[PDB]
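The chain that follows stands alone, in the form deposited in one PDB entry, written as structure tokens.
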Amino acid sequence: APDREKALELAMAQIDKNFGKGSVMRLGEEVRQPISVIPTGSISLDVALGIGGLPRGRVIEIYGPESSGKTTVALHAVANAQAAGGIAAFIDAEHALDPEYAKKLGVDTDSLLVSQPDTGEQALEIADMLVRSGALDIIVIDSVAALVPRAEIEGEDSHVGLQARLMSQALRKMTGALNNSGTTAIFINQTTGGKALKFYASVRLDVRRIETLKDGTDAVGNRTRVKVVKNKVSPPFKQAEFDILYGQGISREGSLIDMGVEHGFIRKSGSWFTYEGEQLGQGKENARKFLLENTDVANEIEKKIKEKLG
């Protein structure tokens, strides 16, 4: 009887000593703790990730439909890793970034590095050496797909001299660097030229806009769902949902009203949210309005919501 479970252990462990940690996991295991971790400014996602945020020194991929949220996450990530004496670098090859939105998200623009490569090759070289300086915490590439080769942009084919070669290369040599430097790297998507990225990424996130969050009126943002389809640091397949308000981004408040009930610290006495006797208000975003101004109560709720997990 114990020979099986014990033979599986000697073996299992054997697998880690040859191929790393998360080589063989078990969807249940809570096995743990890597101090280094950048909170995504989404308590929700953070636990779904298992280790409470994006691992540092690992390459990451956030993919999905347009306008779902991927970059809003990445930018929150920046802001966190940044508000802790972190130095971020945003290699922009889409010319889409909006500093006024980034600021409201807590990002330090003035101190944010911004490269606007010309060739895909350039971007990955600049990113590479820039990560080798071991000075950066996080680095994000906006749009994997928009990293076209020097050739495709000139004339010199029919697919052969590839992008999904340019990707395998840079990814190969840059993967190591990150390990040492302990810099964690976010890549945005929408394979294409990937097929190599999907393998490297120690964590892959499948983002998608589920609901169209309205505040009675009609528009305020939208509900985003995220499935962590690959995780070599914790158990995969967990998922999370959070609110994104056209203006502020991931709703901290909302993120609590959700967790607050999914964990009983708040009661649904019929569309009427309540916490320890006193009422928060009727209507999901009416309670967020309560949790907004009353930070004391939220601090305790967040505090209790955090103690109930880890």
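From 1 onward, residues are counted along the sequence shown. Definition used throughout: the rigid core is the maximal C-alpha set that superposes within 1.5 Å between two forms.
The same protein also exists as the form deposited in another entry; that form is not shown, yet it is the one meant from here on.
Once the two forms are fitted on their rigid core, between this form and the one not shown the CA displacement reaches 2 Å or more only for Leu280 among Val37, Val47, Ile244, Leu280. Core-superposed comparison between this form and the one not shown: the Cα of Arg26 travels less than 2 Å. In this overlay on the rigid core, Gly270 has a C-alpha that sits 2 Å or more away from its partner position between this form and the one not shown.
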